[PDB]
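Chemist: After the structure tokens below, expect a handful of questions from me.
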There are 2 protein chains.
Amino acid sequence: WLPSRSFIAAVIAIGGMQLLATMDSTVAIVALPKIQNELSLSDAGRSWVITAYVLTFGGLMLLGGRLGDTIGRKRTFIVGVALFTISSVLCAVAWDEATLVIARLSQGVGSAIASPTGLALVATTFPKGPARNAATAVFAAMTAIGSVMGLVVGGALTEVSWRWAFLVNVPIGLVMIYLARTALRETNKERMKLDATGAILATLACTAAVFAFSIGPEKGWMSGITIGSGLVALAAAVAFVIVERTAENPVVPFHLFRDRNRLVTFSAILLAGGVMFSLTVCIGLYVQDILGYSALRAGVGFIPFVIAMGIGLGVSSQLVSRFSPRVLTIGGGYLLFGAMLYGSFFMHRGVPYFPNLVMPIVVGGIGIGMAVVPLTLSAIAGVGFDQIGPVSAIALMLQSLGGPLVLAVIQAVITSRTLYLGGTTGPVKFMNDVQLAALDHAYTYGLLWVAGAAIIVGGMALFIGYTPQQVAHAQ
Amino acid sequence: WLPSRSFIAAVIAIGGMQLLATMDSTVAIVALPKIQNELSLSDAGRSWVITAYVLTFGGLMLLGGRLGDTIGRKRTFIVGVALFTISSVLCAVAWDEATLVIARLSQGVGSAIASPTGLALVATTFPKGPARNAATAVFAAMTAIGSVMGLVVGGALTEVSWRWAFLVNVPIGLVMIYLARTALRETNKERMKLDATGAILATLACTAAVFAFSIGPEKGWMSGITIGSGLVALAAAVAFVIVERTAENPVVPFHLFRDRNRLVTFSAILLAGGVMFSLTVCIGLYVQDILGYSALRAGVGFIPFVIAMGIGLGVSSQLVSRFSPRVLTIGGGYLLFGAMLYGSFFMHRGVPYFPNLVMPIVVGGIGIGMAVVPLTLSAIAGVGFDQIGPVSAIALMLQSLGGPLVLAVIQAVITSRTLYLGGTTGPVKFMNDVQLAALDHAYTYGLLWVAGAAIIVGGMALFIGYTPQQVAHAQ
Ligand SMILES: CC(C)C[C@H]1[C@H](C(=O)Nc2ccc(-c3ncccn3)c(Br)n2)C1(C)C
Ligand SMILES: CC(C)C[C@H]1[C@H](C(=O)Nc2ccc(-c3ncccn3)c(Br)n2)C1(C)C
């Protein structure tokens with residue numbers, strides 16, 4: 001009850017990077033159409049606005065994870081958050097496509113440098129035990145807070161110009177840099193050297209893969225650029241693996257994958273993050289399009305999701321010290337699966353808010369809050385303080401990567417269903433009631449597919465062999 | 001509230017055959033070891049005692065289903081229940097192996113004649129609507145009552161000789177024959193002729209298959225007798241299909257399998273009955289062996305399962321008129337899956353009764369009661385009064401057949417796990433604590449496998465395309 005001010009300031013400062021990044025991404029998604037109208041942007045720019053940020057977020061994140069070790073996690077976290085804030089400032093004063101794309105690239109650089117270092121700071125500054133559980137709970141809770149409050153900000157500031165939308169990154173960034181300065185404690189001066197070749201190879205492979213995946217649907221899936229970027233990514237990845245095989249300071253430790261339970265945990269993290277991201281996108285689109293709710297209305301409706309995830313994460317953090325991560329993950333998935341089944345069976349257009357919408361979202365949020373803590377706790381387990389960087393970077397990369405990878409499948413299933421039912425393809429303004437009902441049924445079918453994916457997730461999580469002793473009991 | 005006396009008497013009389021058959025089977029399983037000691041029986045006879053009954057129950061049941069149409073469902077039900085009662089009387093005075101085997105064969109004949117006719121009487125005397133829902137609820141509820149009360153009777157009468165155990169079949173049989181005589185109403189005299197060749201071919205195929213499966217584990221799996229019986233069963237089945245292709249009065253209507261939703265429903269019935277039977281066997285063995293509970297204690301502990309299934313079946317019968325059978329089946333399976341997960345995660349040797357044993361069983365019973373009614377309602381749907389016999393017979397055959405077929409897999413998994421953990425094979429008296437713990441863990445693993453099977457069941461049940469209009473809304 002009422003912990004130390006230093007502890008709460010430290011956890012807030014550490015989770016601040018995920019909070020800020022998710023909130024900024026949500027605001028960008030919400031305010032994307034306004035940028036196109038005001039700046040007179042084409043669909044290519046509509047892609048590029050998010051493409052640059054995701055490109056530099058996925059490309060340099062392993063570089064950031066190792067750079068945290070080579071310079072110091074606190075100091076590189078400060079650098080990353082400051083760079084993100086400055087890039088947001090530059091974006092807020094953008095006047096053409098080039099400067100905004102450069103600002104998005106700089107934001108991606110800042111996020112890639114800072115967020116894996118954020119996970120490493122969760123796992124490093126606080127020793128194993130109740131402190132780590134509380135840090136993880138705050139991490140996930142304020143990530144959800146950032147997402148939903150960014151949706152709220154985007155909905156509220158849609159009347160004013162989009163320039164003001166990106167400025168909320170500034171006060172939050174400054175205050176959380178101040179919190180990291182004053183609160184977080186610096187360790188000894190065990191300066192450690194970085195291996196340039198492995199880092200640059202990993203960066204090249206990741207950036208080529210992200211560029212290929214982003215340019216796929218726009219430029220064509222078998223065009224020259226997409227296949228060239230894909231083959232470049234594959235060659236860079238295989239060269240990176242070959243170099244890491246003999247690296248004295250591995251960028252990614254292939255040594256630490258000896259434990260098969262760790263491989264199971266990482267794959268479960270990937271697929272669970274994918275399911276969660278697909279759920280986010282599908283719920284946002286379904287609420288904003290079918291039910292006709294504004295973005296501000298969507299945010300104030302998802303605030304109960306934030307509350308429910310708060311209770312779920314608190315309960316999971318309390319219960320990890322007694323129950324196995326397998327058990328808690330399965331229970332959270334059970335609650336989330338019940339919520340998804342209820343959503344896919346008893347909700348169509350015109351349903352009320354309190355009966356049919358608050359309860360499934362609250363139950364799903366409680367389940368997700370129960371499931372997140374054990375998974376990421378098992379991710380950061382059995383590692384030295386000199387090995388935490390790459391492990392956290394890989395876990396965060398899997399969590400962020402699984403999202404779009406299965407979201408593409410879910411979108412394909414939904415569009416196939418809505419064309420099977422006879423729904424018109426395009427913006428929801430043109431379609432009349434019949435195509436709207438077809439889209440609603442397609443969204444329910446996509447939710448059923450997401451539920452099947454969650455079934456798979458639990459199937460893999462049933463093999464998580466860790467015991468709570470080596471997770472949340474310190475010495 | 002307080003329906004007509006004729007209606008309640010009719011539903012009790014119709015479900016009486018399943019009640020009596022299940023109760024007698026449970027009593028026979030409980031009292032099997034006492035028969036071996038008193039009569040000086042070998043392991044071959046230990047097999048034969050149940051083998052004869054299951055042989056004649058699975059062999060002649062389709063013959064009974066069509067014989068219900070060719071003579072009259074009420075009158076053949078009377079004949080079947082009377083034959084079962086007389087066979088139980090003859091078994092109660094058995095003095096050697098031959099007469100007891102003959103009595104078991106006669107009991108199997110009676111069950112095969114009467115129980116599919118029982119399902120046909122559920123689906124025929126009461127027209128579609130609330131009456132059919134109530135009849136189905138009573139059917140399933142008193143089937144569970146028969147099973148659990150037979151376990152109670154076997155546990156209570158284990159001190160006295162096994163002769164008295166089989167005599168409870170007599171008063172119940174007589175009173176339910178009286179109920180069927182006085183209450184159930186006979187239809188017109190639309191006497192209809194039976195096709196002998198198809199019926200005899202189906203009987204031969206079924207009896208050969210049951211004999212092969214029963215003689216498999218005892219005599220060897222690749223012995224001459226088992227492979228010969230298997231090939232005879234296959235030849236009889238293919239000849240039966242060829243004859244049914246051109247049968248003027250098909251024993252099994254291949255015409256009615258046009259609807260793919262019906263095929264999905266029948267396969268779901270098969271696998272759900274298999275899961276339920278495996279659950280019954282595993283729970284009985286785990287309670288009687290690991291926890292060291294007597295059969296009477298097991299029955300008084302499973303009485304709450306009867307209560308919970310009663311509430312579940314009542315709620316499902318009420319809700320079928322509003323929700324689709326798919327929805328109710330999925331919800332009942334969700335509750336049952338939660339119960340199985342809780343049982344497989346937080347129960348080992350030495351757990352108390354009220355906290356760790358009553359609640360999972362009650363939740364599973366409520367889920368099963370919710371799931372049974374829609375499935376069997378979808379089974380008896382879209383059929384004429386001249387086609388109900390074979391459909392009910394096929395549904396009951398699938399429900400009874402799925403049980404041992406997946407129970408063998410579950411037993412193999414459990415024994416493999418307990419030998420992997422180092423547990424000794426054999427009766428639980430010889431093994432010490434370490435093998436007992438290994439057996440407990442193996443039982444939990446088998447429960448996990450049953451949970452996976454239930455996941456499969458829900459996967460198939462998600463394709464059940466019926467709407468409640470054509471299930472429980474009469475005209
Ligand atoms: C056989 C089986 C055990 C299936 C299993 C299904 C399930 O839901 N698994 C599951 C667990 C956790 C998560 C999750 N992880 C991180 C964040 C949010 N949620 C997710 Br998406 N799915 C069931 C039925 C419980
Ligand atoms: C994807 C999926 C929808 C999986 C589904 C699992 C399930 O449990 N399906 C299910 C339904 C009914 C029955 C049943 N039928 C008759 C009598 C008793 N029970 C059984 Br065994 N299993 C879940 C998670 C709900």
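Chain lettering (A, B, ...) mirrors the order of the structure tokens, residue numbering begins at 1 for each chain separately, and ligand numbering begins at 1 in order of display.
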Let me see if you get this right: every residue at most 7 Å from ligand 1, counting only C-alpha atoms and all ligand atoms, written as an NGL selection string.
Modeler: (:A and (269 or 272-273 or 275-276 or 329-334 or 336-337 or 367-369 or 371-372 or 375 or 454-459 or 461-462)) or (:B and (451-452 or 455))
Chemist: At a cut-off of 12 Å, using only C-alpha atoms, what residues contact residue 475 (chain B)? Leave out same-chain residues fewer than 3 positions from it and give the result as a ChimeraX atom specification.
Modeler: /B:127-130,468-472
Chemist: Using only C-alpha atoms, pick whichever of A:285, A:264, A:151, A:401 has the shortest atom-to-atom distance to residue 206 (chain A).
Modeler: A:401
Chemist: Do me a favour and pick out the residues of chain B within 8 Å of chain A, using only C-alpha atoms, as a list in words.
Modeler: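 So the residues of chain B near chain A are residues 327, 334, 338 and 345 of chain B.
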Chemist: Quick one: residues within 10 Å of residue 125 (chain A), only C-alpha atoms, excluding same-chain residues fewer than 3 positions away - as a list in words?
Modeler: residues 10, 11, 14, 73, 74, 120, 121, 122, 128, 131, 132, 135, 184, 185, 186, 187 and 385 of chain A
